[PDB]
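Enquirer: Would you mind keeping the following structure in view while I ask a few things?
Number of protein chains: 2
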Amino acid sequence: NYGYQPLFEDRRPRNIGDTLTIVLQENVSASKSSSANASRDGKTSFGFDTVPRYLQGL
Amino acid sequence: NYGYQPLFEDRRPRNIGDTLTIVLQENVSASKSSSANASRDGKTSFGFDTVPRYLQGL
Numbered sequence: 059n060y061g062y063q064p065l066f067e068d069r070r071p072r073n074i075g076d077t078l079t080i081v082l083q084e085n086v087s088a089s090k091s092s093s094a095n096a097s098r099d100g101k102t103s104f105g106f107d108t109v110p111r112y113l114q115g116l
Numbered sequence: 059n060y061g062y063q064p065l066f067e068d069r070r071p072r073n074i075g076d077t078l079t080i081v082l083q084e085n086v087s088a089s090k091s092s093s094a095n096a097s098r099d100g101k102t103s104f105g106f107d108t109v110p111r112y113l114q115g116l
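Just so you know, the sequences run in chain order A and B.
Per the UniProt record's numbering, the first sequence starts with residue 59, numbered consecutively.
Per the UniProt record's numbering, the second sequence starts with residue 59, numbered consecutively.
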């Protein structure tokens, strides 16, 4: 005797020793990315090509 | 005598010595991959091409 068995219920595992089908379908995907930047450019100039007389000493 | 045999039930193995057909159809495929990266670039410069007199000592 295997005990009471439901008639219309779907066949499910209920006790120790019962079998069950596992459909292994795994799809995992993780990603991450980052960046940082900094820039600085500086140019400066001053030139006196021709200096008038009253400015010579300066 | 081979005992009671159901008339309309599908022919299934029931006792020791009964035969059963196994259709071997296995298709298993697993995969994994990963990566990591890191980068760092740094450039710095300072130049005094022409130094005025009052700045010379510095």
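We put the beta carbon where it would ideally sit given N, CA and C, even for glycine.
Check this for me: beta carbons of A/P71 and A/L82, under 7 Å apart or not?
Expert: No, Cβ-Cβ distance for A/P71 and A/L82 is not below 7 Å.
Enquirer: Between B/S91 and the rest of its own chain, which residues show a CB-CB distance below 8 Å, the 5 nearest in sequence each way excluded?
Expert: Once the five neighbours on either side are set aside, B/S91 has no close Cβ partner at all.
Enquirer: Let me know the secondary structure DSSP gives B/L116 once reduced to three states.
Expert: In this structure, B/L116 counts as coil in the three-state DSSP scheme.
Enquirer: Going by C-alpha distance, which of A/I80, A/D76, A/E67 and A/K101 is nearest A/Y60?
Expert: The shortest Cα separation from A/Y60 among A/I80, A/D76, A/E67 and A/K101 belongs to A/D76.
Enquirer: So what's A/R98 in DSSP terms, helix, strand or just coil?
Expert: Here A/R98 sits in coil by DSSP.
Enquirer: Measure the C-alpha to C-alpha separation of A/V109 and A/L116 and round it to an integer number of angstroms.
Expert: Distance between the alpha carbons of A/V109 and A/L116 is about 9 Å.
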